[PDB]
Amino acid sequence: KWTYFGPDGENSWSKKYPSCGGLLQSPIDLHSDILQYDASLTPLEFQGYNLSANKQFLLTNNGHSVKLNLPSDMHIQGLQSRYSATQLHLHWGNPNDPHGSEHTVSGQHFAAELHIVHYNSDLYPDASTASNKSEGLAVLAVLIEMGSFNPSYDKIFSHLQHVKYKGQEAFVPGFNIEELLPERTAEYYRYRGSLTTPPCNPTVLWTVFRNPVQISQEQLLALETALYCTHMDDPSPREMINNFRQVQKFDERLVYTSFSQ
């Protein structure tokens, strides 16, 4: 029942979820004083991302974001264990303030952010089990800016009116998830952090790509107006808007970059 707004908003999540008040919290502001190039951050490879258009994948409103379940044969190659996909979801702002990324760069929000959540399948049976274990999760984050219409993100957004309320589910035909990543995926920021939602487990290896992708103003408006945190029949509806956490203190951490300049 945590939220992003009001009594149950983010400054109160530590009252029920202790790790939200603990170390290694995400998101953070990516700024020069804390960046250091690391030549050992070699390119990731995205395997099994081209999902069959003849198969379908479950989209669900979970009361906090919209998530698409992903198959465990989809994985990242190039980390020190195989990380297999489990779901992707987004964070965004609202129609009058389309500035709802979680990570910021030199103090600036992007319009929205996509997280593709993977868990260490070499060591764990599922993401749920991985989530409270050492380097159990790895997230790929894409910063999203207002720009051109994006047909690939639209393969998710064209289903939003069928998942408006908490608990609703819809099926999305498979498409190539790598089309949601930006240009030059070899350039990224890497750091050790946490889930950005309760229970804020400090068990995530973050990769934030350097380059944003664009979606249009109309696609942002659809995402910002389609969805509710609450059930269909709730007499106290709450719009799913501004579902991003503020940046966190970077208390002694560095962020490592695969690009020098």
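Take the two forms, find the largest set of C-alpha atoms that superpose within 1.5 Å, and that set is the rigid core. One rule holds for the numbers: they count along the sequence shown, beginning at 1.
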{"query": "Core-aligned Cα RMS comparison in 8 other deposited structures of this protein - stretch that moves more, 232-240 or 191-199", "finding": "232-240"}
{"query": "Larger mean CA deviation from the shown form in 8 other deposited structures of this protein [core fit; 248-256 vs 21-29]", "finding": "248-256"}
{"query": "Mean Cα B-factor comparison, 45-53 or 208-216, giving the higher one as deposited", "finding": "45-53"}
{"query": "Segment of higher mean CA temperature factor, 185-193 or 126-134", "finding": "126-134"}
{"query": "Highest-ranked of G93, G147, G78, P173 once sorted by CA temperature factor in the record", "finding": "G78"}
{"query": "Maximum C-alpha temperature factor, selected from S121, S152, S101, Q87", "finding": "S121"}
{"query": "Third of the chain, ranked by Cα B-factor, where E10 sits", "finding": "lowest"}
{"query": "Ranked against its chain, the third holding the CA B-factor of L140", "finding": "lowest"}
{"query": "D234 by Cα B-factor - lowest, middle or highest third of the modelled chain", "finding": "middle"}
{"query": "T203 - Cα temperature factor, lowest/middle/highest third of chain", "finding": "highest"}
{"query": "Relative C-alpha B-factor of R253, binned into the chain's lowest, middle or highest third", "finding": "highest"}
